[PDB]
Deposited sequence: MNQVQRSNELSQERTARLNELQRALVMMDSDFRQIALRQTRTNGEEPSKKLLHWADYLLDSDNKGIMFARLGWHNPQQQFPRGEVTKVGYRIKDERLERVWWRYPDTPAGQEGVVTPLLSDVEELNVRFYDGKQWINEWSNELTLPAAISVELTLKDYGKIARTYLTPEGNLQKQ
């Protein structure tokens, strides 16, 4: 009953996170970095993460060929919430989706090619992989590893 609804809530959370973290855009955002990962980012109660993501491809004729949006994840009162902005450059409150309840912790790690590390300060390239770990009050720790698009920016 509750357990099935809880499983379904988790399923939805994961689909959403897949949609965002598998579409990280190699594009710097302001406050400027490729990946923002810091205590109280987005008014998170703990860690917050923010990045640009591929929104959709535009129709054939249109330039640019795709529209980049900006998304973030934070914990607010032990809920995982996802924040959405139409524009990577934004003056603004984002569109908040409460994604998953009973999330104590959000942790993200970064693969630097040889090992997992805890911060990402390189603003010219993405880490080759990102690991998003959630600690749930019921199920405990679950994690997802995602690959990033290859490429470098210039200084």
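- Missing from the model, by position in the deposited sequence, are residues 1 to 11, 43 to 48, 109 to 110, 175.
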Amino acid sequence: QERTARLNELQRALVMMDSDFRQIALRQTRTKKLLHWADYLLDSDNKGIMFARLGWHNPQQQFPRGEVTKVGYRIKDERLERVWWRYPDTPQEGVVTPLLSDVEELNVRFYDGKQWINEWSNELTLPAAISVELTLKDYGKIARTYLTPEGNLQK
From here on, numbers count along this sequence of modelled residues.
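- Averaged over CA atoms, B-factors in the entry run higher in 102 to 110 than in the other of 102 to 110 and 60 to 68.
- Look at the C-alpha B-factors of 47 to 55 and of 34 to 42. On average they run higher in 47 to 55.
- In this PDB entry, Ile24 carries a Cα temperature factor that places it within the lowest third of its chain's modelled residues.
- Per the PDB record, residue ranking by Cα B-factor puts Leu10 in the lowest third of the chain.
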